[PDB]
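Coordinate inspection notes
The primary structure of each chain is shown beneath.
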Amino acid sequence: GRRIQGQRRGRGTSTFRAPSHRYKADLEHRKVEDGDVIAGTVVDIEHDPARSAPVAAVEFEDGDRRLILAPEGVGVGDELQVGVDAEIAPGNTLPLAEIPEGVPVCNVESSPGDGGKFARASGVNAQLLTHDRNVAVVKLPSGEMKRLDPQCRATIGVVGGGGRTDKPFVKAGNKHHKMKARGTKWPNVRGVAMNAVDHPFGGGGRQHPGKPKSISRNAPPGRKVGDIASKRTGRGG
Amino acid sequence: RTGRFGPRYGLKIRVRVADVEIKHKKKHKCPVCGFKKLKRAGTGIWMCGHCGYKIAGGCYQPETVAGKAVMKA
Amino acid sequence: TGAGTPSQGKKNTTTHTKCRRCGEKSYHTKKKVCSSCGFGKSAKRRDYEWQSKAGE
RNA sequence: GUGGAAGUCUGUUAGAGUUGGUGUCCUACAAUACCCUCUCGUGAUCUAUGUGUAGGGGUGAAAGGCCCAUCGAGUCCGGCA
RNA sequence: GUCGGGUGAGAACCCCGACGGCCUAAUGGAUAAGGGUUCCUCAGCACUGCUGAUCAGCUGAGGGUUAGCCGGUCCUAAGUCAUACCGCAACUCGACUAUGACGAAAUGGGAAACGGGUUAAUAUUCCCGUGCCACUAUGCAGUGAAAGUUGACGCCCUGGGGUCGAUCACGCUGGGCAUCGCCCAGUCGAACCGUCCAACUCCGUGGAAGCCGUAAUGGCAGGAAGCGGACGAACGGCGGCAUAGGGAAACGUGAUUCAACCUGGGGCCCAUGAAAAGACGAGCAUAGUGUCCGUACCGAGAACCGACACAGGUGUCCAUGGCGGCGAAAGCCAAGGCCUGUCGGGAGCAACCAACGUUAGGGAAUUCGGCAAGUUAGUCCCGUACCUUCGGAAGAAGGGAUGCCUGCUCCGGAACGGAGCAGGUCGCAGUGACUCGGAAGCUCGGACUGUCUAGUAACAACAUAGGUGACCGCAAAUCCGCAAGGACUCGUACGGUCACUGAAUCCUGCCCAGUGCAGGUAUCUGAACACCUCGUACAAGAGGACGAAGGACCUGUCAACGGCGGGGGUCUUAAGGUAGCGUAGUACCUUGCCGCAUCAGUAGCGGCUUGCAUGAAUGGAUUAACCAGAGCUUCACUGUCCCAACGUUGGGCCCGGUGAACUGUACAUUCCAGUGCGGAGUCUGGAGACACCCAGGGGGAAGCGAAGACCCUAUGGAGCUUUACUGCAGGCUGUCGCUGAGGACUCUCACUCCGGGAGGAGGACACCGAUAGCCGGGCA
RNA sequence: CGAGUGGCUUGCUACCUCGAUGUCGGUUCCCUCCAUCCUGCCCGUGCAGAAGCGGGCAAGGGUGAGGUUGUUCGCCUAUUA
RNA sequence: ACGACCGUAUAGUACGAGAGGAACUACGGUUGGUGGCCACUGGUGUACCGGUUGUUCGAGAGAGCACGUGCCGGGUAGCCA
Ligand SMILES: *C(=O)[C@H](Cc1ccccc1)NC(=O)CCCCCN
Ligand SMILES: [Cl-]
Ligand SMILES: [Cl-]
Ligand SMILES: [Cl-]
Ligand SMILES: [K+]
Ligand SMILES: [Mg+2]
Ligand SMILES: [Mg+2]
Ligand SMILES: [Mg+2]
Ligand SMILES: [Mg+2]
Ligand SMILES: [Mg+2]
Ligand SMILES: [Mg+2]
Ligand SMILES: [Mg+2]
Ligand SMILES: [Mg+2]
Ligand SMILES: [Mg+2]
Ligand SMILES: [Mg+2]
Ligand SMILES: [Mg+2]
Ligand SMILES: [Mg+2]
Ligand SMILES: [Mg+2]
Ligand SMILES: [Mg+2]
Ligand SMILES: [Mg+2]
Ligand SMILES: [Mg+2]
Ligand SMILES: [Mg+2]
Ligand SMILES: [Mg+2]
Ligand SMILES: [Mg+2]
Ligand SMILES: [Mg+2]
Ligand SMILES: [Mg+2]
Ligand SMILES: [Mg+2]
Ligand SMILES: [Mg+2]
Ligand SMILES: [Mg+2]
Ligand SMILES: [Mg+2]
Ligand SMILES: [Mg+2]
Ligand SMILES: [Mg+2]
Ligand SMILES: [Mg+2]
Ligand SMILES: [Mg+2]
Ligand SMILES: [Mg+2]
Ligand SMILES: [Mg+2]
Ligand SMILES: [Mg+2]
Ligand SMILES: [Mg+2]
Ligand SMILES: [Mg+2]
Ligand SMILES: [Mg+2]
Ligand SMILES: [Mg+2]
Ligand SMILES: [Mg+2]
Ligand SMILES: [Mg+2]
Ligand SMILES: [Mg+2]
Ligand SMILES: [Mg+2]
Ligand SMILES: [Mg+2]
Ligand SMILES: [Mg+2]
Ligand SMILES: [Mg+2]
Ligand SMILES: [Mg+2]
Ligand SMILES: [Mg+2]
Ligand SMILES: [Mg+2]
Ligand SMILES: [Mg+2]
Ligand code: NA
Ligand code: NA
Ligand code: NA
Ligand code: NA
Ligand code: NA
Ligand code: NA
Ligand code: NA
Ligand code: NA
Ligand code: NA
Ligand code: NA
Ligand code: NA
Ligand code: NA
Ligand code: NA
Ligand code: NA
Ligand code: NA
Ligand code: NA
Ligand code: NA
Ligand code: NA
Ligand code: NA
Ligand code: NA
Ligand code: NA
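What the entry reports as its method is X-ray crystallography, with 2.80 Å given for the resolution.

In the nomenclature of the PDB entry, chain A corresponds to RIBOSOMAL PROTEIN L2 from the organism Haloarcula marismortui. UniProt, in the comment section headed Function, describes chain A in these words: "One of the primary rRNA binding proteins. Required for association of the 30S and 50S subunits to form the 70S ribosome, for tRNA binding and peptide bond formation. It has been suggested to have peptidyltransferase activity; this is somewhat controversial. Makes several contacts with the 16S rRNA in the 70S ribosome (By similarity)." Under the heading Sequence similarities, UniProt records this for chain A: "Belongs to the universal ribosomal protein uL2 family."

Structure below.
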């Protein structure tokens, strides 16, 4: 047959690419020689086309002007600080070690200095639970308990824009406009509505999948469709 | 509110659009000053027409249940 | 809309043009590559053995 | 009362589409045309130009549709008498 | 088109005049692409032109395109290329990372030009007049000078400023008409220089505890109004330009509505609406320089694409010409263009055909079906059911009004804006043409807008929000690449990938035996390397020990594939069909039975229902709204029918000119019978038959068109499927190499990742190379 | 039970056509057959009459309109010689 | 090139207990078919005459266009049922 849609994706053609050229900034923690002295002033609050969430423009003492992954509650004028000795208030960034356990955090680094990887979407947050001289245990929004180097920097507070998911799109048109701001092919045609040549679920006098939908982890691309390595399906039990 | 939708989309969809948007459009009390002059400037962005204070808040509410837990902890 | 005569009307785009290297109206002005001599793609001249019968 | 929302309504505004007539045509005006009728017409809208994706590959709101009158695997030459 | 006339050997169609028409977002004006000399002049008619031609986009020969201030050029966009680097057996191949360059002529950004005149043909290019920009040089001024501003920005609603146009009033100039006194045209004048400034913002004064303000929102003791001031707009006003220019002349003044242009306020986003060059910031005189490329013409029912002078296709601007009216609508008419959607002449002009008008009485009897046609229609007032997701249904339905003339009222600053009143009055008819819904009900489907088979399918199919399950903590999941590398990703679980269902509402039962996926696993099975035994002076080879993933086995899982019966008052094989729905778009029997409706109803709807063979996200039921979706009923309507007629226009028929194609073994005036490979103009017997020609509607030539697309056959082909055969990618897993120190363990030095670096994490693992086992229609 | 006639149904056969003889139904228009439905002339009757039933000759003419269904067929209604 | 039916007289008669109920013949009409014809009725009648809407020719008068009559009302001849 023909390569299935999931395979066209990888080639990275226009249709599957994100409108990068239309994006604003790659949100990452600033680099500080040391000392922490680094502080700056919120100059404005903008909309981030890549995350459908607000972002804060900040002017730093040493002249640097960069957009920042804004937590909820940051306003123009506020003074943010980044470093080991940063005060402990929302919007400030400092290593997990210097952060008091029990405090909600966002934009957490996977490894010290990577600029933040975890908890960055609308209204989410990580939860610093345990400290140590060797391991900082954080609970990520997925519920998992992650062990991190206490040297990993983070931002205090939860990400701005919480509750975005609460309102339904209501109409195809709204999805449309959102989708146009992401690296995604939309709308979605069901495999079972295709021809046998286009998808392992395609074909038939009526619409139904050919075999069972749970596919092995070892299935090859072109065949790995449906419920991938499902440990279970349905809702019962 | 949801009345712009006519008889389309069904109960839940538009009841929630009205609910969200009514809270959304409510008078909100500015964090800097204390006046109820906070209006939504866009997704997650809020501002006081009184003092001009521009804040980061929820998407349809200036404050979220989680943003409040922060203040405490 | 018919794919024939009615679709022939929008054909006012220029692509192939007189080539600076070989003189054939085969220089694709959009690609900047000659389909006839390879100008723009190859320093060597475009040529294949299949342009003639195998034993000739 | 004000306000003026809406993949909202009427609409041959422009523009887009193509339901019925199984009309006219069917060595045609035309290798998909003509007329009447009909649908949409602030939006997932229509459009020009530029630009990207190439053949077991693209592209596809999925009809095996489309990729220059060529598609259940384009076209050209070659393998090839 | 017609009548006259011109030219010519020749004139229906070349030219002049009149008369008559056609085109009004185009049949007018300016242009992009594209064409390429088609442009202009002269001379021609062998070619081309649907006839002819003196004409021409044709033939021949000449001529024609003039720029500091219009484009290009310059900038950067999506993105492209080149070099370097790396890959590859290799390259004209290939991703990333650097650098450089390229990438916009209507229509992105952008230093500067206006008016008149002129040619057969160019024109913001030439000429006259006036203006402007940039650079450089000289001189005076200036030390400022780079911070900032600008370039530079989405969708929806709206106020204010305001020019042209259009219109109204009055005057002037010219024209038209001739029962009045009306009607038409004009009444001009740039860039640029100077000046004015509403809005926004801000300052001082002031001191509001209820005031200020808007079309609307709004504003304020954190200082409202008022007052005074700073900054500050037009392609706008005003003055110059201008005893410039233009006009035969007059060479106006005011007003309204106000495109352009300027400047504000509000609202929306799970959508956030370029960049760079450049300009400003940053004065003035004088002088010099301002090269290079484009410039003709068409821009379309004859200059473009479609083989054609093709009824097709093809972007932008003129959206403000008049009446009309809601209108960029119809109809009519200007300006401008045209009679080239280019063959004509004749017959009351028959049959027949295309478009179409009107048809008495009946009124869907027509037909698969009301297909086709018709009915209704604009605006105002009254009035409006079931149902409903409270939005809607709804213009439901139904009823009434509607002109002109005279005199008025009300809203408003006013309109040549709107709403009404009284009286008079004509017609069959006052939305008098034109424009302009037929209405109501039941049932099925999909919720809705949307999408689709370019060229027989527009639908119930696809999409959709909504519901649901699956995978993944990012050195991820998924996916592309041979590799170097890459998409997702300027992303991070409120994420995004992989699938199923398909708005809302009420719901979604039972089954894990088979198959799939996943987890576990004492024991069993399970390859290769290394190891042990035998064998071989070595080797092949045989066997053992150990045993990864995987399998056996156990468990979880159905909104995973799917299943939900026979028999009796359990059996196959796990369960044995729950809520619902039901003769279904699923019901074989079948036109099931009863009822509604009709004279009569295989239809439709309702009830029953043992359901050949309904049923729950293979979603079940149900459902307001929506629909060029399927079926049915009623009112209205009518040439669909009874049953046809008459008429209109274009053909048809005759004449001049032009001038194909299909098809043709031969012969051929046939008919009735027979015969024949059983479907004969031609054989046989009879019958009929003088030749040629015109018109017709198509009985026959098993008429023409197409080496049947059905069916079979061929050790034919292709696309597709899978627990067909055989293999190949890919994933998982063991082993060896990289690879190091001291059946479980530490370390650091290779190697990998994070960090700008210092250094941190990981670590002999991973990656990569080689091999072995398992899975493996993803692919051949 | 026996003997036949037709060639409308159905089946069988594979002779004819696969370099194609266009499908069902309907419609329109023409000719024909008789195994006669009506009409004419007759015979019998379980023929009083009236109304029938059955049969013979006979193909001149007639044999119509509608409701369901694509239907052919068929069911149904009212007219009818 | 004519087919067929209904009605009246026959007759409330023949026949028959009654109920009921004919015929020959002579008449009138209807239906289908056929051929022709237009005084009569009816249709058409873009000959014609009138009314009137919009617009243009300044008004008036008189006219053009509104699809091959703008629309409405009437309609001769002929052709027709
Ligand atoms: C069955 O009778 C087939 C049906 C069919 C076949 C192929 C495509 C569509 C439908 N019909 C025929 O075979 C008709 C044949 C016509 C032959 C004429 N000379
Ligand atoms: Cl989303
Ligand atoms: Cl130009
Ligand atoms: Cl305003
Ligand atoms: K055949
Ligand atoms: Mg980033
Ligand atoms: Mg919405
Ligand atoms: Mg996209
Ligand atoms: Mg879908
Ligand atoms: Mg399909
Ligand atoms: Mg497949
Ligand atoms: Mg389905
Ligand atoms: Mg399904
Ligand atoms: Mg094609
Ligand atoms: Mg709409
Ligand atoms: Mg419409
Ligand atoms: Mg394009
Ligand atoms: Mg198919
Ligand atoms: Mg010429
Ligand atoms: Mg000449
Ligand atoms: Mg460039
Ligand atoms: Mg430009
Ligand atoms: Mg010219
Ligand atoms: Mg020119
Ligand atoms: Mg022509
Ligand atoms: Mg009638
Ligand atoms: Mg009928
Ligand atoms: Mg009928
Ligand atoms: Mg119709
Ligand atoms: Mg007043
Ligand atoms: Mg009317
Ligand atoms: Mg049904
Ligand atoms: Mg639909
Ligand atoms: Mg089609
Ligand atoms: Mg459709
Ligand atoms: Mg269609
Ligand atoms: Mg669907
Ligand atoms: Mg969702
Ligand atoms: Mg979904
Ligand atoms: Mg979902
Ligand atoms: Mg029923
Ligand atoms: Mg279920
Ligand atoms: Mg003979
Ligand atoms: Mg054949
Ligand atoms: Mg077949
Ligand atoms: Mg095959
Ligand atoms: Mg790295
Ligand atoms: Mg295969
Ligand atoms: Mg034939
Ligand atoms: Mg007989
Ligand atoms: Mg006869
Ligand atoms: Mg007329
Ligand atoms: Na399938
Ligand atoms: Na209101
Ligand atoms: Na059409
Ligand atoms: Na191919
Ligand atoms: Na070949
Ligand atoms: Na000025
Ligand atoms: Na007007
Ligand atoms: Na001509
Ligand atoms: Na729509
Ligand atoms: Na099972
Ligand atoms: Na199982
Ligand atoms: Na089932
Ligand atoms: Na639709
Ligand atoms: Na008619
Ligand atoms: Na014939
Ligand atoms: Na195939
Ligand atoms: Na026989
Ligand atoms: Na044949
Ligand atoms: Na037939
Ligand atoms: Na007879
Ligand atoms: Na019938």
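Further notes follow.
Within chain A one finds 2 helices and 12 strands. Along chain A, helices (α) and strands (β) appear in the sequence α-β-β-β-β-β-β-β-β-β-β-α-β-β when read from the amino end. The globule rule puts the C-alpha radius of gyration for 237 residues at 18 Å, and the 22 Å found for chain A is more than 25% above it. Projected onto its principal axes, the C-alpha positions of chain A cover 70 × 40 × 30 Å. Across the 237 residues in chain A, those meeting the buried criterion constitute 36%. Excluding contacts between residues fewer than 6 apart, the proportion of contacts in chain A whose partners are at least 24 apart in sequence is 52%. When the accessible surface of chain A is split by element, carbon and sulfur atoms take 46% of a total near 13400 Å². A gap of 21 Å separates the mean positions of the 38 positive and 27 negative side-chain charges of chain A.

All names here are of chain A. As enumerated under the stated definition, the model contains 1 cavity of 30 Å³ or more in all. The computed volume of the largest cavity comes to approximately 100 Å³. If you tally residues by element for the lining of the largest cavity, the top one is strand β3 (residues 65–68), at 3 residues. For the lining of the largest cavity, the class distribution of residues is 6 nonpolar, 5 polar and 3 charged. Each of domain 1 (1–78) and domain 2 (82–159) accounts for three or more of the residues forming the lining of the largest cavity.

Moving on, we come to helix α1 (residues 11–25) of chain B. Residue and element names in this part refer to chain B. In this model, α1 (15 residues) spans 21 Å end to end at C-alpha, consistent with the 21 Å of a helix rising 1.5 Å per residue. Every buried residue belonging to α1 is among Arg-14, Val-17, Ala-18, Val-20, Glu-21 and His-24, and all of these are buried. The inward-facing, buried residues of α1 contact β1 (38–42) and β2 (45–48).

On to the domain arrangement of chain A, then. How big an interface is tends to be reported as the loss of accessible area on association of its parts. All names here are of chain A. Each assigned domain of chain A is listed with its residue range as follows: domain 1 (1–78), domain 2 (82–159) and domain 3 (160–237). For domain 1 and domain 3, the distance between their C-alpha centroids amounts to 29 Å. Facing 21 residues of domain 1, the contacting portion of domain 3 comprises 17 residues. Of the roughly 1400 Å² buried at the junction of domain 1 and domain 3 (both faces included), carbon and sulfur atoms supply 50%. Three residues stand out in domain 1 for area buried against domain 3, namely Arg-2, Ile-4 and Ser-52, and they jointly supply 33% of the buried area on that side. Taken together, domain 1 and domain 3 are joined by 1 salt bridge. Here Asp-198 ties to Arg-2 by a salt bridge, and the two come within 3.2 Å at their closest N and O atoms. Summed over the shared surface of domain 1 and domain 3, the number is 7 residue pairs in polar contact. At the level of secondary structure, the elements contributing two or more residues to the side of domain 1 that touches domain 3 comprise α1 (5–10) and β2 (53–60). In terms of residue class, the side of domain 1 that touches domain 3 is made up of 11 nonpolar, 5 polar and 5 charged.

Here the focus is the interface of chain A and chain B. Across the contact, 28 residues belong to chain A and 25 residues belong to chain B. Together, the buried faces of chain A and chain B total about 2100 Å²; carbon and sulfur atoms form 67% of this surface. For chain A, the biggest contributors to the area lost against chain B are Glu-72, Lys-167 and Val-170 of chain A; these three give 30% of the whole. The tally of links between chain A and chain B comes to 2 salt bridges. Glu-21 of chain B is the salt-bridge partner of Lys-167 of chain A, the closest N and O atoms lying 2.6 Å from each other.

Before going further, it helps to spend a moment on the pairing of β2 of chain B. All names here are of chain B. Both β1 and β2 contribute to a ladder of 4 bridges, which runs antiparallel. If you follow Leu-38 over to β2, its bridge partner there is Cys-48. Taken together, β1 and the strand that follows it, β2, pair antiparallel across an intervening segment of 2 residues, in which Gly-44 is found at a positive phi of about 75°. Alignment of β2 against strand β3 (residues 54–56), held across 3 bridges, turns out to be antiparallel. When the bridges of β3 are listed, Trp-46 appears paired with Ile-55. Taken together, β2 and the strand that follows it, β3, pair antiparallel across an intervening segment of 5 residues, in which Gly-52 is found at a positive phi of about 85°.

Turning our attention to the sheet that holds strand β8 (residues 136–139) of chain A. All names here are of chain A. The 6 strands lie next to each other as β5-β10-β6-β7-β8-β9, forming an open sheet whose pairing is antiparallel. Looking at the sheet topology across the chains shown, the edges are occupied by β5 (93–95) and β9 (145–148). Ignoring which end each strand starts from, the neighbouring axes of this sheet average 45° apart.

Reading the values: rules and limits
- Residues numbered from 1 in each chain as written, not as in the entry; some residues may be left out.
- Chains lettered and ligands numbered in written order.
- Part of a larger assembly, values for the part shown.
- Heavy atoms only, no water.
- UniProt positions renumbered as here; feature names shortened; annotations may be inferred.
- Helix = DSSP H or I, 4+ residues; strand = E, 2+ residues; numbered from the N terminus.
- Rg over C-alpha atoms; globule rule 2.2 N^0.38 Å.
- Buried < 20%, exposed > 50% of the residue type's maximum accessible area, 1.4 Å probe, protein only.
- Contact = heavy atoms within 4.5 Å.
- Areas by Shrake-Rupley, 256 points an atom, 1.4 Å probe, with all protein chains shown as cover.
- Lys, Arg positive; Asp, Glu negative; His and termini not counted.
- Charge placed at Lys NZ, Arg CZ, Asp CG, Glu CD.
- 1 Å grid on protein atoms, 1.4 Å probe; cavity = no way out; pocket = protein on both sides within 12 Å on 5 of 7 lines; lining within 4 Å.
- Points joined across faces, edges and corners; volume = space filled by probe spheres on them.
- Nonpolar A, V, L, I, M, F, W, Y, C, P; charged D, E, K, R; others polar.
- Domains from an automatic or database assignment.
- Expected span 1.5 Å × (residues − 1).
- Buried area = accessible area lost by both parts, 1.4 Å probe.
- Salt bridge = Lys/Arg side-chain N within 4 Å of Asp/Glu carboxyl O.
- Polar contact = N/O pair within 3.5 Å; in protein donor to acceptor, adjacent residues only side chain to side chain.
- Pairing = 2+ DSSP bridges.
- Axes fitted to C-alpha atoms, helices over the stretch in contact; angles between N-to-C directions.

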